[PDB]
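Listed below are the residues making up each chain.
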Amino acid sequence: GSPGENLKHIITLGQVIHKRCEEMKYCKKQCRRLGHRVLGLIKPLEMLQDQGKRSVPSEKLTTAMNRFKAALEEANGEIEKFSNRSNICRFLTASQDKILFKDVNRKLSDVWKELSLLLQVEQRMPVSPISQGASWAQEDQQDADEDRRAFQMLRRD
Ligand SMILES: *c1nc2c(c(=O)n(C)c(=O)n2C)n1COCCOC
């Protein structure tokens, strides 16, 4: 029977962060770079949500997905707290990291592989060389460089 709606959360969890930042008029705008990655992870997840045959996502499979949603839940969670101009700064003050999703970047990866096993065994996909790789956290530093200026520009009208 499977849960059904539960699976949907797996995908929505990703888009949620993409749309969440889209509205936020703060540094979150840069998150678009990190979101673009996760957005591609849910791509294949949607195909399963609606296939050309009565699917049967056992619990064993749902387990992995459940771990993925956890990664996205955090990404959006931290952002929600940065909704306040005073909060976003208050955190950064004790964050000691220009990047907001520095650790989250890895989390989404550690949890992603969890599904890669089911996607490679079922979907028969590589799920690794395409998205995953070696340069991930470093890429953030690139965009972060601009984020710093975003705080300065605030001064001028
Ligand atoms: C508060 N404090 C911040 C920031 C920020 O964006 N960056 C890059 C920082 O380094 N620090 C210390 N914010 C959020 O920006 C304030 C928005 O006001 C317009």
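Each chain carries its own residue count, beginning from 1 and running in the order its sequence is written; this scheme need not agree with the entry numbering, and residues with no coordinates do not appear. Only hydrogens and water are removed before side-chain values are computed, so all heavy atoms of the structure are retained for them.

1. Describing the overall build of the chain
Line of reasoning, step 1. Secondary structure follows DSSP: runs of H or I at least 4 residues long count as helices, runs of E at least 2 residues long count as strands, and numbering of each begins at the N terminus. When its secondary structure is counted, the chain shows six helices and zero strands.
Line of reasoning, step 2. The N-to-C order of helical and strand elements in the chain reads α-α-α-α-α-α.
Line of reasoning, step 3. Viewed in the frame of its principal axes, the chain has a C-alpha envelope of about 60 × 30 × 25 Å.
Line of reasoning, step 4. For the exposure calls, accessible area comes from a 1.4 Å probe over protein chains only, and a residue counts as buried if that area is under 20% of its type's maximum, exposed if over 50%, partly exposed in between. Looking at the 157 residues of the chain, the share that counts as buried comes to 35%.
Line of reasoning, step 5. Here the chain has roughly 10600 Å² of accessible surface; of this, 45% comes from carbon and sulfur atoms. All accessible-area figures derive from a Shrake-Rupley calculation using a 1.4 Å probe, and residue coverage is judged against the displayed protein chains alone.

2. Concerning helix 6 (residues 137-153)
Line of reasoning, step 1. The terminal C-alpha atoms of helix 6, which comprises 17 residues, lie 25 Å apart, in line with the 24 Å expected from a rise of 1.5 Å per residue.
Line of reasoning, step 2. For a residue, the bend is simply the angle between two axes, fitted respectively to the seven-residue segment ending there and the seven-residue segment starting there. Of all the bends in helix 6, the greatest, near 30°, is centred on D143.
Line of reasoning, step 3. Along helix 6, the positions that sit buried rather than exposed are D140, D143, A144, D147 and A150. The span you would expect from a helix comes to 1.5 Å times its residue count less one.

3. Overview of the side chain of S116
Line of reasoning, step 1. Topologically, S116 is positioned in helix 5 (residues 104-123).
Line of reasoning, step 2. Side-chain atoms alone can form a polar contact between residues adjacent in sequence; in general such a contact is a pair of N or O atoms within 3.5 Å, and within protein one must be able to donate a hydrogen while the other accepts it. Here the side chain of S116 touches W112 through a polar contact of 3.0 Å, side chain to side chain.

4. Points about the site of the ligand
Line of reasoning, step 1. Taken together, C27, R85, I88, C89, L92, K98, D147, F151 and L154 form the complete shell of residues around the ligand.
Line of reasoning, step 2. Calculation on the ligand without its partners gives an accessible area of 450 Å², and the protein chains cover 77% of this total.
Line of reasoning, step 3. Contributions of two or more residues to the shell around the ligand are made by helix 4 (85-93) and helix 6.
Line of reasoning, step 4. The element that contributes the greatest number of residues to the shell around the ligand is helix 4, accounting for four residues.
Line of reasoning, step 5. Of the residues in the shell around the ligand, the class split is six nonpolar, no polar and three charged. Definition of nearness: a residue and a molecule or strand are near each other if at least one heavy atom of the residue lies within 4 Å of the molecule or strand. Amino acids are sorted into nonpolar (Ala, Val, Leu, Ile, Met, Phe, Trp, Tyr, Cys and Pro), charged (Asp, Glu, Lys and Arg) and polar (every other residue, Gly among them).

5. Observations concerning the pattern of salt bridges
Line of reasoning, step 1. In what follows, salt bridge is the name for a side-chain nitrogen of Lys or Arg lying within 4 Å of a carboxyl oxygen of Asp or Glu. Enumeration according to the criterion identifies four salt bridges in this entry.
Line of reasoning, step 2. Between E23 and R20 there is a salt bridge; the shortest N-O distance is 3.7 Å. Highlighted residues: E23 and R20, both in helix 1 (residues 5-23), separated by three residues, approximately one helical turn.
Line of reasoning, step 3. A salt bridge links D145 to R148; the shortest N-O distance between them is 3.4 Å.

6. Describing the packing of helix 1 against helix 2 (residues 32-49)
Line of reasoning, step 1. Throughout, an axis means a line fitted to C-alpha atoms (over the contacting stretch in the case of helices), and angles, computed between N-to-C directions, take values from 0 to 180 degrees. Interhelical geometry of helix 1 versus helix 2 gives an angle of 155° and a closest axis separation of 8 Å. With respect to helix 2, the element helix 1 is oriented roughly antiparallel. Crossing of helix 1 against helix 2: the hand is left-handed. In contact with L7, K8, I10, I11, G14, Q15 and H18 of helix 1, helix 2 contributes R32, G35, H36, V38, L39, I42, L45, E46 and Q49.
Line of reasoning, step 2. The residue makeup of the contact of helix 1 with helix 2, split by class, is seven nonpolar, six polar and three charged. Every angle not falling under 35 degrees, over 145, or within 65 to 115 is termed oblique; those three ranges are roughly parallel, roughly antiparallel and roughly perpendicular. Helix crossings get a hand from a simple test, with the near helix turned counterclockwise from the far one by less than a right angle marking a left-handed crossing and a clockwise turn marking a right-handed one. Whether two residues are in contact is decided by their heavy atoms: any pair within 4.5 Å suffices.

Limitation: the analysis is restricted to geometry and does not speak to function.
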